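In what follows, a structure is listed as structure tokens, so that the remarks can point back to it.
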Amino acid sequence: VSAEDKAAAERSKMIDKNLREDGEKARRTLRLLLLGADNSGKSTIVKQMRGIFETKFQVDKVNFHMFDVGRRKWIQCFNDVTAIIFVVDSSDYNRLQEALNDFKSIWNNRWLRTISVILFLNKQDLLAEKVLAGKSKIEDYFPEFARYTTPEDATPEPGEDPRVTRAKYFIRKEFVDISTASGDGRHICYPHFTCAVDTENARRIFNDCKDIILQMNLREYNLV
Amino acid sequence: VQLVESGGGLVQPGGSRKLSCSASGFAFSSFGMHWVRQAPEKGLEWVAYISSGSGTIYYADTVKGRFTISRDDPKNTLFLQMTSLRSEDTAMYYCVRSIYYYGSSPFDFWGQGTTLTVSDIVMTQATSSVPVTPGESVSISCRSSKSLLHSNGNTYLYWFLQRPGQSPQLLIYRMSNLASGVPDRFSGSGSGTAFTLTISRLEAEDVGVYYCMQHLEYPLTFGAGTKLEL
Amino acid sequence: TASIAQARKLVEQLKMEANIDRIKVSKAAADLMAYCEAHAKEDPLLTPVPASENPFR
Amino acid sequence: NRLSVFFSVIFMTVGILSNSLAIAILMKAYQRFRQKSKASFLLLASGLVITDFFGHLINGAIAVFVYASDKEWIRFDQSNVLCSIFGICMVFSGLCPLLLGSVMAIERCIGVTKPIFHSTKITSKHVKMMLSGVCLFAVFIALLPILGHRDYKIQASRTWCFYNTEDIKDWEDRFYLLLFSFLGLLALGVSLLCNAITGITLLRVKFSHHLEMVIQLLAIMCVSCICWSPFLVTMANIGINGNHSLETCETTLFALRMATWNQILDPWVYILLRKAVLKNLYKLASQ
Amino acid sequence: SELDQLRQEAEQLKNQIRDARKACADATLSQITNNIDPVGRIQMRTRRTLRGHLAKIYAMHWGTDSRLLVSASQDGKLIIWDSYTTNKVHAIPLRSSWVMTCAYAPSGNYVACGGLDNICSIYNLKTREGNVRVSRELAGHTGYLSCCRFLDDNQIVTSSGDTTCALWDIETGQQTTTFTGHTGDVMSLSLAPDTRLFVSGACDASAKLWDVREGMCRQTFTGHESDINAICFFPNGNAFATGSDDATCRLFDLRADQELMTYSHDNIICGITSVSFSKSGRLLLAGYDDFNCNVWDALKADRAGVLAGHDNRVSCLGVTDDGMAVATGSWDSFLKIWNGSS
Ligand SMILES: O=C(O)CCC/C=C\C[C@@H]1[C@@H](/C=C/[C@@H](O)COc2cccc(Cl)c2)[C@H](O)C[C@@H]1O
């Protein structure tokens, strides 16, 4: 090893030191992927909490970095995010089947087998008004809704109409049925009912991320 | 890229003096730094070296124990603390930057120098002076006591040109490569211990003293120097 | 009139591709085989070099 | 009578095989999990199994040598250097697993109760610093009698070297026994406290891998305490009551062999006795 | 009426091309190369492991000196490696960490990269300041940047997910030529040795040959059943190989205008990420999703060897210009240098 080679090798180690320091800084934030349709309203979810659109929000001194790309090819980039925030518009019955197929592609993606999905069934206030009016029927788009009943073990919110509760649990069940059809516990869906004024979405992500990281640790401790 | 030296001046024997080298226009923390001095009517002599990140420090034997070299990266300042100054230390001290990676050009930039007045591989340049005329080809020879060819294929030989009144400038690094901003007429050829610097179509600007330096190992040593005169 | 404009472009492109000169596959196969044979000796991955000539010892 | 060559040979053989099998599995598992996270547990588990592998090898080889030499310490250890080396190895091979098992309990308690803080604030360097600090601390305690002008004395069985326990007079002689017993019992106390918190937390959260982990924690708490409590309490009894206590040679020797199985069962309780691990070994055994 | 008539003529033209290709398919490459001896078993060892990337490696490219290489990872770091010593020469922090491609200029003075930011960024490696700086950001693509290759210090070709390729003038920052005709995301491109043509593979399972100067598609190559992820020119420029998600590699001929050979195995059911040729072109090296790199006999479609040294997807690979070694990059954040021994 020559005199210049030693100086070059010392330069390499100074590079390695800053590579490790930046890697530790990158691990101090949790990375989220925001997905949804045009009518989902995922932008309003982000704004209340706050080629690639990025937003940073903090919950209990924990930094979250959420990416909204604005797809089978570039979805491989987000192979190591903490969670995927998939947003749907539950009010629009016509496009619910599009969301179910969109959710099915993400859930069954080969490069997202270990990524848990934090489902946000957005715009619940519109869904409640739509059921109350009765002009449109979910049974028209989903024939199996006519024979669906609210589970006896269900826990509806106080002051909630049973018709709205029956509709909300049916819509949630459709997404959950896709989630439980495959995965075998590698990833877990975390459905939530959100509206355009709900301000607890950030904490719901924080609480769900605790379970996602805990499930990750449990596989490390057990799958040895 | 700028390198300004300060702190030089007339000092009493046995005294202490602090030399500063302020760097501007380049990433100072990325470059290793050398101090090179030149005694009046004498050749260049390497003094000390501090690496990027201050992790490695080297001194010449004639100054080891008396000189301390340090740098302040946030202030982009290079320091040389001198103690027990002798009459042998009267020289012009140059601040030299040098970065080391594959294909880099160490010793590429020299400072203007500061004057201090006090009240081992052998590099040989036997030809002290060469009378030259413009437009004629000139060859300068350098010899080393040890082979400068390393087992990695590099030959750590450098060529410098010090025009009258100016700081030295890098011409050839690692015995064959041409430094940035140097005309293509300069060409470096060598093998083992014998090296030749060929200057085709000599011009007025090329007039000066030429030094060959080895970077195979520390301490870095310079040749006596070959002067070109018209 | 977007579809009709695109149809003309696709048809025009297929005309250019259909008018090229094609050599036989046997002729093309021989050329690929010939190039591999001629440069076989200067392929270090095909014929590994002695350790003295390997920069990655 | 109660002592024989085959006791050391069988325990060393099983301990080496159990640890060597766990080393191969841990190396493959770490490469898979180092991509998802820092795999702090797999780093600490690897340090434990490697330490136990050398604990059974270095101490087992010396013990077999003493048995093969007809326990002739005077003839073959005139310089009194082997006993000091044997004492340092025995203390390190027993104290380090106790401290390492205590750090793993703390590390996995944070990873369960505070998963986000564990994931983001704690880095891979901190785990390596903690892993190295425990091993160095165990070496420091092992070297403490040597630096304190004391020397490890040959025990009653005359087959292993440890602190002086027969006719202790000076207060420094009884200090080493108390210090070793206190550190061992403190490690067990911290391991019990952290594993219990982790197990209780999972049960509350559960009501997939929660029940698998709870059974793992129960095995760690039972095996660690049952194996090491008789020896640690015996040393405390000797340290406090001195020779007046009924600490017979048979009782001390039996307690030592119980503590030996803690290192033997550590690969099984931490790694090998896992449903994922057993399935992989089932396929390998068939092939 | 007019629209219906025109689309009928396209079908007739497609049959005309298909008949024309069938006319010149007198023999098969397998029949031609049956007599030649096989390459035997190709054994390569990991000479070097490049450590320092802390995330998935997405791209690598050798420099023309066969010693320096640039790799891109989604930790937002461009690293230039000295492969002989494993020393890191540079570490370029990327403004956008979602990088998908990287290129080393043939002169060695520039590197390029880009990803989901829809930008191809040019970095100057030879500055008087001693640091790497961005020299150009090439904007104009409306999709992610999937591949980029320098023609010289002033020209670069980029492929994007907006179904188009572009030729750029780096000094002016404008795309002089746009290559349109792919109906899916273009995932890769390869330059011909003379840099007058380049092939691109898209997710429409088709490979198009483009003229750089003229700016139009000369030929279209079909035959894959899924998205094409990788493409590489044959060393003489008269052929190229592709890799798709259908677990197959196909060798297309430019002059014969058709596929010549398929490289697939029954055990292989995973997608292909990267393809490259040895210096003589006799070996086709392909990276796979099953964590392995399979070395194929290009002429005989025989699996010559396997490079098994990664614990995640092999995302990229490349062979040096002198043919001495092959580098493989992977999602496990490591790069490995391979060559055989006598
Ligand atoms: O002759 C006899 O019957 C008894 C003497 C045997 C001497 C050493 C026993 C070693 C074992 C070492 C295990 C280490 O983990 C140390 O274990 C301990 C245990 C109690 C206290 C402390 Cl401080 C550490 C190894 O398995 C094989 C061999 O028998």
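Below, all heavy atoms of this structure are taken into account, side chains as well, without hydrogens, waters or symmetry copies. Chain A is the first sequence line, chain B the second, and so forth, proteins listed ahead of strands; every chain is numbered from 1.
- Note: A:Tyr141 and A:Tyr93 have tilted aromatic rings, judged against thresholds of 30 and 60 degrees for the angle between ring planes.
- Heavy-atom minimum distance, A:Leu121 versus A:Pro191: CD1-CB, 4.3 Å.
- Using a 30° and 60° split on the angle between ring planes, A:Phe103 and A:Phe86 fall in the tilted class, from 30° to 60°.
- Distance check, rounded to the nearest 0.5 Å: CZ of B:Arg143 to CZ of B:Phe195 gives 10.5 Å.
- Contacts of residues 1-14 of chain A with chain B at a heavy-atom distance below 4.5 Å involve A:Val1, A:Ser2, A:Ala3, A:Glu4, A:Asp5, A:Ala7, A:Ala8, A:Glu10, A:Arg11, A:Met14, listed in sequence order.
- Taking each heavy atom of B:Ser141 and B:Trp159 in turn, the nearest pair found is C-CH2, 4.2 Å.
- A salt bridge is absent between A:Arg31 and A:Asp80; no separation between the charged side-chain nitrogens and carboxylate oxygens falls under 4.0 Å.
- Listed here is the closest heavy atom pair of B:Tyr210 and B:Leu161: CZ-CD1, 3.5 Å.
- The neighbour count for A:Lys73 NZ, taken as heavy atoms of other residues, nucleotides or ligands under 6.0 Å away, is above 12.
- Nearest heavy atoms, B:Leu78 versus B:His34: CD2-O, 4.5 Å.
- Listed by sequence position, B:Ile99, B:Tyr100, B:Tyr101 are the residues of residues 89-102 of chain B in contact with chain A, using a 4.5 angstrom heavy-atom cutoff.
- Interatomic distance, A:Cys189 SG to A:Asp177 CG, rounded to the nearest 0.5 Å: 11.5 Å.
- A perpendicular orientation is assigned to the rings of B:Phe160 and B:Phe107, their planes being inclined by more than 60° (bins at 30° and 60°).
- Near-neighbour residues of residues 174-190 of chain B relative to chain A, defined by a heavy atom under 4.5 Å from a heavy atom of that chain, comprise B:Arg174.
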Side chain to side chain donor-acceptor pair (under 3.5 Å) evaluation trace for A:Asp198 with A:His192: CA-CA 11 Å; A:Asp198 190 9; A:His192 295 281; over 6 Å; no
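- The residues A:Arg95 and A:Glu98 are annotated as salt-bridged, a charged nitrogen and a carboxylate oxygen being separated by less than 4.0 angstrom.
- Contact detail for A:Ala83 and A:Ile118: the closest heavy-atom pair is CB-CD1, 3.7 Å.
- The CG atom of B:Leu171 sits 12.5 Å away from the OH atom of B:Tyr173 when rounded to the nearest 0.5 Å.
- Below 4.5 Å, heavy atoms of chain A meet heavy atoms from B:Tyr49, B:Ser51, B:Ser52, B:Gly53, B:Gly55, B:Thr56, all part of residues 47-70 of chain B.
- Applying the 6.0 Å contact sphere to NZ of B:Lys18 captures more than 12 heavy atoms from other residues, nucleotides or ligands.
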Evaluation steps, side chain to side chain donor-acceptor pair (under 3.5 Å), between A:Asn108 and A:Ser182: CA-CA 7 Å; A:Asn108 300 271; A:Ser182 58; 2.9 Å; yes
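- Both the backbone and the side chain of B:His215 come within less than 4.5 Å of a heavy atom in chain A.
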